[PDB]
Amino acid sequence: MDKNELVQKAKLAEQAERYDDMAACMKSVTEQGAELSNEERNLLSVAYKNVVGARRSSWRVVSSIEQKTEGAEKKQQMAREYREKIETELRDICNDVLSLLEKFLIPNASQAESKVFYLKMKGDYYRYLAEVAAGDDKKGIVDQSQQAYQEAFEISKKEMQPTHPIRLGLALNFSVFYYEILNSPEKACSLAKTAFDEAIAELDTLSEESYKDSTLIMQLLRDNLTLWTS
């Protein structure tokens, strides 16, 4: 329908915790073709995070159960088959986001900040795919994730301040990708620490509109470092 109504509706769905609906509205908005506003961008991101998030939790629970019932066998196959079903939902969700990203979002991004946001997002959604990927397809997905992240990272160092939330968020996720996806805690810790240090070094570049988000994120980086350096 009207883009403006779809946004109000998305806002409504969010409040009602109907994330599937939220995502539907936001996908449609994106499909109209005009560059998303900062608000629409974040609503889209929110909707999909929650939608894919549901499946990620479910996958973890079932995976967990499947590994603990090793030796039980009949149940194990029950869990394996279910886990597989959840995986498919997940890929579909991820494939929807990535397509949005390639056909509409990354191409229409005309400012560095949104370009970085969307490329981070691409790195994130391929990361989610890497997590449930068939062994044959895995490497390709990991490279695709890394690549997106890399690109965003380059743009951000050049075009954004170290205290910018989106630059900080990228660093947070990119580092997690190294830790969790590549099993390279050295690079994960290096990336995080550096980013935190650089934000700390330019504490004076904090903006009135975003000093709260900056420090929350700085602190998230710290939490991860501490977690990893114990």
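The numbering used is simple: start at 1 and walk along the sequence shown. Between two forms, the rigid core is defined as the largest C-alpha subset superposing within 1.5 Å.
> With the rigid core as the fit anchor, does 196-204 or 58-66 show bigger C-alpha shifts in 8 other deposited structures of this protein?
Replying inline: Larger mean C-alpha displacement, comparing 196-204 and 58-66 in 8 other deposited structures of this protein, is found in 196-204.
Fitting on the core, do the C-alphas of 149-157 or of 126-134 deviate more in 8 other deposited structures of this protein?
Once the core is superposed, the stretch further away in 8 other deposited structures of this protein is 126-134.
#### Entry: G71 dropped in a third or more of the other entries
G71: unmodelled in a third or more of the comparison entries.
Q) Got a sec? Mean C-alpha B-factor, which is higher, 205-213 or 9-17? A) The entry gives the higher C-alpha B-factor average to 205-213.
Can you let me know which of the two, 88-96 or 75-83, has the higher average C-alpha B-factor in the entry? The stretch with the larger average C-alpha B-factor is 75-83.
Problem - Residue of maximum C-alpha B factor among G169, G53, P185, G33, per deposited coordinates - result: Top of the list by C-alpha B-factor: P185.
- Query: If you compare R41, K68, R60, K49, which has the highest Cα B-factor in the entry?
  - Reply: Among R41, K68, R60, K49, the PDB entry lists the largest C-alpha B-factor for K68.
- Query: With respect to C-alpha B-factor, does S175 fall in the lowest, middle or highest third of the chain as deposited?
  - Reply: CA B-factor rank for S175: middle third.
message: Taking only the Cα B-factors deposited for this chain, tell me whether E151 sits in the lowest, middle or highest third.
response: Middle third by C-alpha B-factor.
Among modelled residues of the same chain, the CA temperature factor third for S64: CA B-factor rank for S64: highest third.
Q: Report the third (lowest, middle or highest) to which the CA temperature factor of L101 belongs, ranking only the modelled residues of the same chain.
A: Bottom third by C-alpha B-factor.
- Task: Would you mind checking where the Cα B-factor of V116 ranks among the modelled residues of its chain, as the lowest, middle or highest third?
- Result: For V116, the deposited C-alpha B-factor lands in the lowest third.
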